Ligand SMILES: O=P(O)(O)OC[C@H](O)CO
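One chain comes next, on its own, written out as structure tokens in the form solved without the named molecule.
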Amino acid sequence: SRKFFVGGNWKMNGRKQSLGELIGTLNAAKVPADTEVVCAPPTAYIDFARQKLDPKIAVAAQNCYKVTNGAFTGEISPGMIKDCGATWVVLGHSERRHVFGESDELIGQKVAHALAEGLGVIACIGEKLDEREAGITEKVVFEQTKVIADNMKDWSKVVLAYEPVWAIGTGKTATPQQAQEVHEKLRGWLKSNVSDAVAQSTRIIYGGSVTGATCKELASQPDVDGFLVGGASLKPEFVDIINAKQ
């Protein structure tokens, strides 16, 4: 019985005043008890957000590096994330992979280390438009998921996020049925390559375009276990997406 999971990726948006407002909205919101809600602030505001947010909402970092301390100007470690009261980290996000060039190997290593330090991990995967139009969706997301899997001792604190990069900013839209086709193929990969236990208990959430209007239909897909929300996570509309199963 996989617990429904809604992530809010704020990305590089907001200041203390505006995020303070957003947080007041989320605190005033009724969160269903059967739903796990997580918010990822810009790294400068992880501490700030954890202090202001009600305990019913967990806090994620948006990225981290692969050792606990070191000569890595501009990076943060999982220890720092935990030290700030955050319990999750988002890793392998399409923007890290495709804007900032983070390799599969680097990401697998980040997952191992964040997991070894006690954080949950939202591990992101997905294919670009050129990869999808070349017919290599499965090949790409399976390879990304394999590299993550090779750097794991334990699956219980991982959530997989499928991002259709091919449908973010390109003009193309993704159907609920296309999302479901990728999600069930990823679950089938977990069953045949890790275990049926992992396949049946691991949340696979959809990180493509989600709104107050699209969320109910997407969430009723049997292999779509929730959402990693982009722009809408900055709006009160997020509260509708939290309630997508209601």
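Start at 1 with the first residue shown and count on from there.
Omitted from view is the form solved in complex with the named molecule, to which the following refers.
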| property | result |
| --- | --- |
| Site check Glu95, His98 and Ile168: each within 4.5 Å of the named molecule in the bound PDB entry by heavy atom | yes |
| Region of this chain that lies against the named molecule in the bound PDB entry, out of 109-117, 80-88, 135-143, 160-168 [heavy atom, 4.5 Å] | 160-168 |
| Stretch 120-136: residues contacting the named molecule in the bound PDB entry, 4.5 Å heavy atom cut-off | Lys128 |
